[PDB]
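In what follows, chains are A, B, ... by sequence order, proteins preceding strands, each numbered from 1. Each ligand, and each atom within it, is numbered from 1 in the order the structure gives.
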2 protein chains.
Amino acid sequence: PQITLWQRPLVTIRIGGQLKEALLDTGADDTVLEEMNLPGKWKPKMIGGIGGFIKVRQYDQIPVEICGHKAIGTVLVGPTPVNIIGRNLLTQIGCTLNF
Amino acid sequence: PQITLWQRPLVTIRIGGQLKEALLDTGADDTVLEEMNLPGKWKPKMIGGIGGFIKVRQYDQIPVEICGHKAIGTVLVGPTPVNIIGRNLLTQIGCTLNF
Ligand SMILES: OC1(c2ccc(Cl)cc2)CCN(CCCC2(c3ccc(F)cc3)SCCS2)CC1
Ligand SMILES: [Cl-]
């Protein structure tokens, strides 16, 4: 679909049998989702920001359905203040920026 | 242009006479650029991140060329690691998300 950017680009994602709201973010390398447990083993990952680090868990071949489009990739789960779809899942649904 | 997201969407912008490389970021509401000496009156601003805040200089009707498209808007200037051009200027150049 065409998403203009006057409002935050929030969409629905179905992941782990849950329907959640997430931000399509071209400035994120990785996808970061609010806490939940998924199927599989997880690798600890410590992600950074401005005055520190946050520990998150990395799950690896998770099916996600972003606005009906199925995509498979790595998801990081942890205490994020908003669900963020990073470029790793945006490339999978063939999303481009256009102007 | 139609830009794909396999690599970081970095573009050449022109602001305050100097050329810069910046990240097209749909997740960020604002445009935050590195220290440059912009001519103009400014206000201090705080932008929060992981466990803290950083102070920047808010400038308000700045002309910014982004891949030849001129846009006018607010730019926050300060110790950013990464030059962010967010939604406030992406709407101005007619940038969309499409899939
Ligand atoms: O924009 C920032 C900023 C930039 C400049 C200035 Cl001056 C101030 C603030 C402040 C916000 N962070 C967000 C980190 C993005 C990632 C992440 C998402 C959620 C989460 F809980 C943890 C990490 S997304 C994947 C890895 S980090 C970047 C720099
Ligand atoms: Cl941060």
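Side-chain contact between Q58(A) and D60(A) is present, with heavy atoms from C-beta onward closer than 4.5 Å. Counting only heavy atoms from C-beta outward, the side chains of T74(B) and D30(B) never approach each other to under 4.5 Å.
Heavy-atom neighbours of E35(A) CD from other residues, nucleotides or ligands within 6.0 Å: above the threshold of 12.
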(message) One pair to check against side-chain contact (heavy atoms from CB on, under 4.5 Å): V64(B) and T31(B). What are the steps and the verdict?
(response) CA-CA 10 Å; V64(B) 185; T31(B) 296; 5.9 Å; no

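Which parts of ligand 1 touch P81(A) is read off a 4.0 Å heavy-atom cut-off, strictly below it: atoms 21 (F).
At a distance under 4.0 Å, a protein heavy atom can be found next to atom 22 (C) of ligand 1. Within a 4.0 Å radius of atom 1 (O) of ligand 1, the protein contributes no heavy atom.
Atom 11 (C) of ligand 1 has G49(B) CA, 4.5 Å as its closest protein atom, hydrogens excluded (heavy atom only). In terms of protein heavy atoms, atom 25 (C) of ligand 1 is closest to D30(A) OD2, 3.5 Å. Residue, atom and distance of the protein heavy atom nearest to atom 24 (S) of ligand 1 are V32(A) CG2, 3.8 Å. Closest to atom 6 (C) of ligand 1, if we only count protein heavy atoms, is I47(B) CD1, 3.7 Å. Considering only non-hydrogen protein atoms, atom 9 (C) of ligand 1 sits nearest to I50(A) CD1, 3.9 Å.
Under the side-chain contact (heavy atoms from CB on, under 4.5 Å) rule, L10(B) has a single partner from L23(B), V82(B), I3(B), which is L23(B).
Between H69(B) and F99(A), the two ring planes are perpendicular [angle over 60°; tilted spans 30° to 60°].
Of the candidates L33(B), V82(B), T80(A), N88(A), the one placing a heavy atom closest to atom 19 (C) of ligand 1 is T80(A). Distances from atom 14 (C) of ligand 1 to the heavy atoms of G48(A), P79(B), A28(A) put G48(A) nearest.
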